[PDB]
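Quick setup: one chain, the form deposited in one PDB entry, written in structure tokens, and binding and motion questions come after.
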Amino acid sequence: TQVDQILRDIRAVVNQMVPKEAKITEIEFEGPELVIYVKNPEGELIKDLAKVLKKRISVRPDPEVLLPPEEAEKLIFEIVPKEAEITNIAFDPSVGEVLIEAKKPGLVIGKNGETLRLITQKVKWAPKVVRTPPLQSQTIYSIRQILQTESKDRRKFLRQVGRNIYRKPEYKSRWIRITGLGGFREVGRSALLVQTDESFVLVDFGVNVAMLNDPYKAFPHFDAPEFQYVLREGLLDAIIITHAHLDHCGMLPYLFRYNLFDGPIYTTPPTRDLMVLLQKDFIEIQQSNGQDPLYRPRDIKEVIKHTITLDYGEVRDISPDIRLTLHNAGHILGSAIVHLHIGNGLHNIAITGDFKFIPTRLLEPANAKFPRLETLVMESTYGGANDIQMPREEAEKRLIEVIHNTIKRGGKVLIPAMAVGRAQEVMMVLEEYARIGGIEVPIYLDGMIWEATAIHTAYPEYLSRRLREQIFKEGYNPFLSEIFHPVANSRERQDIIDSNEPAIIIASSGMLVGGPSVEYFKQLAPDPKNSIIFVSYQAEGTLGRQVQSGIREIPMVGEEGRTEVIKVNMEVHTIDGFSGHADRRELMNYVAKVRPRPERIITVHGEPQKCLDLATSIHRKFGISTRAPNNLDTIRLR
């Protein structure tokens, strides 16, 4: 590592373009950027010295000239209008920045950007105002508490990452290869290893909850020689998470449990929070089932401490020959398409993760415009030629149809859905339907769906333009609808089931693998008055896919090794018009619209035949080279 020889040349030109009166106390790399500390604020020299050094710079005051938290926290409630209504105020010393939250962020941000600098001087801390979210999230609060109490660790973490990213100047890769450790010709445990002769980055690291009883099918291949080498030698530069779902980020905290990695995890803020929530959710579902969890809160916590967030469009160097950029995937809040600029730029890779290419209630179609692009890795969940989804609006009509029939017949509607994803989407469908007077019976929300929902309201900028304004700007907010009733605990859950009142029940998780939805299913499945509606992809080996297949008698190993058979009499429906996955038509259209036209396309994340079908179809229609690799396949990209 010749990092300090690089830092030496920087400290030379910086101490040549910076006011020597401006007592520079330090210059070092912290995360994906150069930071210059100075005890003397003050502009437009950053814009320069930055484009001169060809690096991302950030000037700040020495952490010493910063008024303590418990102190400057009262000086602020003094220097800002009481009408500004400051709901919360947090600190993040790892960046010397004060996060100020208020219902009326205008009177706190300075009626002329003034009060912003007004308080900035009185405490030296970097102010950042945030409009109070309409719903408070335990997850968000928890992450905030961790970031201000772990300041010591993170500041050290950011120095290590920085010295690592710039272990050498911009390098042109000699070779590039991608290895599927999981998620090739199957849905589950997505894990792809990007390799160059200088770097190693992991894109996604999921688990296959549908196959939890089989460690050989549930986890990415830890037995891959190249991967054991990368971990054991400490060569993994980074991990990039496309989105919050467990089959894309679920094994991430396992890596910390066993101290196999302590580098950076790059992802969008919404993803960092949703991920943390689904991971906590996961290990709790396991314990509530009497199983030993894959990891513990202490590991999920380590994940948070090792995560560096980027918003879409932010280009960042994550190693000597790899620059990252995230783009909207339109799958779920915060979902991204990973774009890796590698070496010379003549062999760039775009990794789709899961994506949607038409608008939905919460999101806009995936980005299809990139700078330079040679290889496109895309999902195939609906890759079969006949995998056309039901039109958005016909699905809505079908849903309403079914709810009416069931609610009349004196029954209940069970809609299994993941905490994040279809839950929110379906909620919007029922909410807009409520506003015209269609919701008579109550709508219960079980399985952390409400907490996830809270996270959405805190990231309006990651929602579609339509819903963005409708949220933060207006006082009215769709999720806040009085039609949704969060299930408080196991007693109420049981009350709900025993009660004779018809109702709509939306509960995690989406494939009946675990969580409240399995309880509802089991106790409601016998009565033919009830209805269960699948609105998401049912993976192979899930109870959900069994029910969906029509199997009317399902065995379930219960407590004390005794198996129990649930008799299925309730109505089984499938409405795929709410899917977060691009359907066959969308996938093919995506390839058509993507620009620049990729020289190669690799199909993944889909049942075997679907991956091949899509790959064959893309080649036949667009004449582009394609391939549906197997796990453990490695493709050299030249």
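In case it trips you up, residue 1 is the first one in the sequence shown, and so on. For clarity, a rigid core is taken as the largest C-alpha set superposing within 1.5 Å between two forms.
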{"query": "Interval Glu70-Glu71, deposited residues with no coordinates in the entry (none, 1 to 3, 4 to 9, 10 or more)", "finding": "none"}
{"query": "Mean C-alpha B-factor comparison - 25-33 and 596-604, higher one", "finding": "25-33"}
{"query": "Segment of higher mean CA temperature factor, 405-413 or 77-85", "finding": "77-85"}
{"query": "Highest recorded Cα temperature factor - choice among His327, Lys356, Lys152, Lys217", "finding": "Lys152"}
{"query": "Among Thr132, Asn386, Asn289, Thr352 - the residue whose C-alpha B-factor is largest in the record", "finding": "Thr132"}
{"query": "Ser58 - which third its CA temperature factor falls in, relative to the rest of the chain", "finding": "highest"}
{"query": "Relative C-alpha B-factor of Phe472, binned into the chain's lowest, middle or highest third", "finding": "highest"}
{"query": "Chain thirds of CA B-factor: placement of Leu637", "finding": "middle"}
{"query": "CA B-factor placement of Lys20, once the chain's modelled residues are sorted into thirds", "finding": "highest"}
{"query": "CA B-factor ranking of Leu255, expressed as a third of its chain", "finding": "lowest"}
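If you look for the form deposited in another entry, you will not find it shown, but the lines that follow are about it.
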property	result
Sole member of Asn15, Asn630, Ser625, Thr616 with a C-alpha shift of at least 2 Å between the shown form and the other one (core-superposed)	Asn15
Rigid core superposed: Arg595 CA moves 2 Å or more between the shown form and the other one	no
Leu67 C-alpha moves between the shown form and the other one by 2 Å or more, core aligned	no
Residue shift check between the shown form and the other one, rigid core fit, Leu49 Cα at least 2 Å	yes
